[PDB]
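In what follows, a structure is listed as structure tokens, so that the remarks can point back to it.
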Amino acid sequence: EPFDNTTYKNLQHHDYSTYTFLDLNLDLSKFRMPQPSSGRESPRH
Amino acid sequence: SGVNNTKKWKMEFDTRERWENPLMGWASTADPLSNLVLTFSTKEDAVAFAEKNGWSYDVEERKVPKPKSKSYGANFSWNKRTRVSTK
């Protein structure tokens with residue numbers, strides 16, 4: 001707790017797997033607000 | 001794409017027979033007016049020349065491309081089919 005400025009606190013990324021980013025993106029799906037609608041399924045529709 | 005050859009009226013005659021020279025196979029003709037092209041500034045100038053020389057003439061009215069609305073922003077449209085899939 002005492003002010004310490006001699007250690008690297010960003011060590012969590014030493015054990016990130018290949019799917020870490022996509023796993024986090026999957027967890028941030030129930031918080032997202034509903035997307036806007038263009039009105040068509042795609043520009044080719 | 002150049003449009004500089006579509007600015008003057010022309011008067012060409014009907015195409016007559018071309019046959020094959022028996023010696024060298026060239027294209028022979030008996031039509032003295034097969035290579036006759038006249039240039040006129042206006043349709044009325046061309047019609048006047050044709051009637052003066054007694055020829056029968058058919059007039060084709062000029063075809064001009066119509067003005068078109070071209071927007072580069074329509075290439076990226078929120079809800080229209082004009083959005084391009086590639087650039």
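All residue names refer to the structure tokens as shown: chains lettered A, B, ... in order, residues numbered from 1 in each chain, ligands numbered from 1 in order.
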Alpha helix (DSSP H) residues, from DSSP on the backbone, in chain B, as number ranges by chain: B: 43-52
Excluding segment 44-59 of chain B and residues on its chain fewer than 4 positions from it, collect all residues at most 9 Å away from it, counting only C-alpha atoms, and give them as number ranges by chain. B: 9-11, 13, 38-40
Provide as a PyMOL selection string the residues of chain A at most 8 Å from chain B, counting only C-alpha atoms. chain A and resi 38-40+43-45
Store the residues picked out above, limited to C-alpha atoms, as an mmCIF file, in the first residue's frame.
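Output contents, as saved in result_7.cif:
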data_model
loop_
_atom_site.group_PDB
_atom_site.id
_atom_site.type_symbol
_atom_site.label_atom_id
_atom_site.label_comp_id
_atom_site.auth_asym_id
_atom_site.auth_seq_id
_atom_site.Cartn_x
_atom_site.Cartn_y
_atom_site.Cartn_z
ATOM 1 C CA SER A 38 -30.160 0.250 -41.495
ATOM 2 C CA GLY A 39 -33.604 -0.978 -42.562
ATOM 3 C CA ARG A 40 -32.324 -3.708 -44.898
ATOM 4 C CA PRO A 43 -26.758 -3.173 -49.242
ATOM 5 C CA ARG A 44 -27.267 -6.034 -51.713
ATOM 6 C CA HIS A 45 -30.852 -6.478 -50.466
#
